[PDB]
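Peer 1: missing the sequence, but the structure's below:
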Ligand SMILES: NC(=O)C1=CN([C@@H]2O[C@H](COP(=O)(O)OP(=O)(O)OC[C@H]3O[C@@H](n4cnc5c(N)ncnc54)[C@H](OP(=O)(O)O)[C@@H]3O)[C@@H](O)[C@H]2O)C=CC1
Ligand SMILES: NC(=O)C1=CN([C@@H]2O[C@H](COP(=O)(O)OP(=O)(O)OC[C@H]3O[C@@H](n4cnc5c(N)ncnc54)[C@H](OP(=O)(O)O)[C@@H]3O)[C@@H](O)[C@H]2O)C=CC1
Ligand SMILES: [Cl-]
Ligand SMILES: [Cl-]
């Protein structure tokens, strides 16, 4: 595609356990209010700790003050600022419906892939959730239209990312690889079929608690 | 353990696809002589390419002349030189029985975990394979006795590494993370149970075709 560089990029940016899980076993709606179940809360906390320690996110999410202010924080600023639309699945959405503040932390249109017929959900702070029932290509078409000159983030979870991977639609795959082993949960790289996606390493940013890997489609 | 630094370290050093596989589907003895089956040979090649292009290994394995000569090369040299004994499983052994040169590339005692009651197999160049039938703790006891002041490498494959992980016996875990997606095969991080291994990141060495990760036990 000769004009690729002028097009909005479709990217994934996630935190992954060393063993390849995006969520620990027991992190489901049934146990959402009991984080001691299979110690899921502690595993989740270990996974996200790097991010929640970045000054920029701490400010943006109103978590508190202080935080780290290096290359990783600048990276996290760019991921937020570059995004014009988000795409996610229903399990991620259900978790957030209960765990996000009223001012949802997207501030863009968000396209939720679900079989449920549901009207859009407006949140203060410039987030509207749209419930898309006709699949990932249509969600992406809507998202590209909404994103303008900015990029499209496939937020997650794994089931939705797998579909975009299988469709050949992920331009950039960014992974914070964390030195925690979950032993179970939602495996990112599962249910992939041929032709499989192909990537090269574009950049690595090492840090004491996470290795930040950036892959771009071949 | 106050004396830990005087004891041989038990380490894993492997190449891993981005999706967490140590071997592609199809790489079995029935298809060992048919590398086009499920494209397994090309996938295996992609996984090991970074190491076979290093000067030190090209010379040691008599693959050919020349090669890369920076930090990655120095790293591979240290991995060979540090090792006083190897532990492996039987599927790895079988592949090697057919694919290693007569002068096997270990040059130390090698303890092969297997149900087969079998006499040792001596190879030119200082390698002897011993077939251990009473489990990974005994193989490690024998390997430690063999290793002297040098380290003990758990060569692989995934099944044997999983046992040592689950036993809490892996001191160091070194992974060349390769930007290839296999979509199946022998998953490294599978069959793990609590209490799960706990690691910290010790070092990352980035290269254009592989990201070299080193984890040490907490
Ligand atoms: N580690 C990280 O960086 C992050 C982790 N997460 C975690 O990911 C987990 C959720 O991931 P996962 O379980 O894979 O679920 P997803 O969030 O991917 O949701 C999958 C569900 O969305 C709906 N759906 C997906 N695709 C379609 C489609 N094409 N048509 C209709 N419905 C569709 C279906 O539910 P339905 O049939 O009910 O509509 C499906 O079961 C959570 O635990 C969350 O915390 C999330 C983001 C980042
Ligand atoms: N990517 C990489 O860096 C590397 C990849 N590899 C690859 O790994 C693959 C092999 O891995 P995998 O399939 O997991 O097999 P393993 O090499 O781990 O061998 C497993 C077999 O060893 C025997 N065994 C293991 N543990 C015991 C035990 N406690 N007691 C008795 N027997 C035992 C069993 O065979 P039995 O019952 O017949 O005795 C078992 O099926 C190969 O394709 C090889 O090329 C290997 C090394 C490095
Ligand atoms: Cl639903
Ligand atoms: Cl719809």
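Peer 2: Looks like it arrived, so ask away. Residues are numbered from 1 along each chain as shown, chains lettered A, B, ... in the order given. Ligands and ions are numbered 1, 2, ... in the order given.

Peer 1: check contacts around the residue nearest the centre of chain A.
Peer 2: Centrality entry for chain A: nearest residue to the mean C-alpha point is residue A:155, 2.9 Å, by Cα atoms, centre = their mean. Going by Cβ atoms under 8 Å, 6 or more residues apart in numbering or on different chains, residue A:155 touches A:86-88, A:92, A:110. For every residue, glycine as well, the C-beta is placed using N, CA and C.

Peer 1: Format these as a markdown table; extra columns: neighbour count and distance to residue A:174.
Peer 2: Listed next are the contacts of residue A:155 as a markdown table, based on neighbours: other Cβ atoms under 10 Å in any protein chain shown; distance: Cβ to Cβ, whole Å:
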| residue | neighbour count | distance to residue A:174 |
| --- | --- | --- |
| A:86 | 25 | 14 |
| A:87 | 26 | 15 |
| A:88 | 24 | 16 |
| A:92 | 21 | 17 |
| A:110 | 27 | 19 |
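
Peer 1: quick one: which of these sit in helices?
Peer 2: In helices, judged by DSSP state H, the following of the contacts of residue A:155 are found: residue A:92.

Peer 1: Dump the contacts of residue A:155 to a markdown table, plus distance to chain B.
Peer 2: Below are the contacts of residue A:155 laid out as a markdown table (distance: Cβ to the nearest Cβ, whole Å):
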| residue | distance to chain B |
| --- | --- |
| A:86 | 24 |
| A:87 | 21 |
| A:88 | 22 |
| A:92 | 21 |
| A:110 | 27 |
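
Peer 1: Go through the contacts of residue A:155 and say which is closest to residue A:15.
Peer 2: residue A:92 (13.2 Å; Cβ to Cβ).

Peer 1: Roughly how far does that closest one sit from residue A:185?
Peer 2: Separation of residue A:92 from residue A:185 (Cβ to Cβ, to the nearest Å) stands at 14 Å.

Peer 1: Residue A:178 now?
Peer 2: Distance from residue A:178 to residue A:185, by Cβ to Cβ: 13 Å.

Peer 1: Which neighbours do the two have in common?
Peer 2: residue A:17.

Peer 1: In space, what's closest to residue A:132 - neighbours in sequence excluded?
Peer 2: residue A:139 (4.4 Å; Cβ to Cβ, 6 or more residues apart in numbering or on different chains).

Peer 1: List the contacts of the residue in chain A that ligand 1 sits nearest to.
Peer 2: With Cβ to the nearest ligand atom, the shortest gap between chain A and ligand 1 falls at residue A:157, namely 1.9 Å. Going by Cβ under 8 Å, 6+ apart, residue A:157 touches A:22-23, A:88-89, A:91-92, A:186.

Peer 1: at 6 Å instead, please
Peer 2: A:22, A:89, A:91-92 (Cβ atoms under 6 Å, 6 or more residues apart in numbering or on different chains).
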